[PDB]
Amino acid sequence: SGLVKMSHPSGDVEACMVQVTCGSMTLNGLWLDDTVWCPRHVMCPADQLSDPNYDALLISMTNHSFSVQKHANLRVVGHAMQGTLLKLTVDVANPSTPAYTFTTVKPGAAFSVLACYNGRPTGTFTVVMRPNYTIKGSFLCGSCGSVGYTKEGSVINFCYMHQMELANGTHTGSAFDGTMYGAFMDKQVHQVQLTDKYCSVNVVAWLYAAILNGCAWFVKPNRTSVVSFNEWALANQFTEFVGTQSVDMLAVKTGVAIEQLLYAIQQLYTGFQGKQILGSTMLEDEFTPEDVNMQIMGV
């Protein structure tokens, strides 16, 4: 296929990982310049996990309550709470802080994750933000504070800090503005998730990937317009399709129009009828148009 699950090289982010302890809890933190970010649930004790009252928690804390370690040693000289995260300030500026921003990722967008335990980076994988604002990851006890990010030129865009497992193999976390993806609360009550959905734009990308590899049996002259497909999407668990220049690029290189692949989606969704594509028996929606442009073309 020439399509692999590709994440960014992780060196830049490895040098920012630290361990943070408060009370009984230990987990990972992200050390950027003079601040260390970590999940605020590091504060509460075992038998309040179901309903913490984080504000009262914050008050009971001092700078001495938190211990930060690079596994130098770091002295915390300030603590603040920003939504579901702690913003700790420490007396040493991370000598290898990369150029960075904080940006919240949208459903369908991919990013790289550095899984960490006890401040030790143990591995990377890429994931797509689900239409239901969860992520299908690989996170175990000890995982929280692990970090997700994209990269643009030299700038690392931090978009995710791991927080919790909502149900078997299904995860969520906060953006660095402290908000949780989407609206989930950091307490151990049962919480209902919205129904996940196929990411239309990504499935389209994947089909263009197939065409570029000479697998084009599913292409017909028939078309479905963007507007009719979106009305169909609503009733069939697909996200609304929104075109981008990177998709447009794929359409131009292959000569196959977006709306021919919209039609093909409608048909393939009902069944592959014995055949394979690249070579699966179901639609793939975890590759973005930019993945396809990058891994297969230029670009």
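Numbers follow the displayed sequence, beginning with 1.
Counting the unmodelled positions of the deposited sequence between residue 71 and residue 72 gives a gap of 4 to 9 residues. Note on 270 to 278 vs 230 to 238: mean CA B-factor is higher in 270 to 278. In this entry, 178 to 186 shows the higher mean Cα temperature factor of the pair 143 to 151 and 178 to 186. In the deposited coordinates, the residue among 47, 34, 259, 248 with the greatest CA B-factor is 47.
If you compare the C-alpha temperature factors of 119, 221, 173, 169 in the entry, 169 comes out highest.
Remark: residue 114 belongs to the middle third of its chain, ranked by C-alpha B-factor as recorded. When all modelled residues of the chain are sorted by CA temperature factor, residue 65 is found within the highest third.
In the PDB entry, residue 217 places in the highest third of its chain by CA B-factor. Among the modelled residues of its chain, residue 197 has a C-alpha B-factor that falls in the middle third according to the deposited record. Ranked by C-alpha B-factor against the other modelled residues of its chain, residue 18 falls in the middle third.
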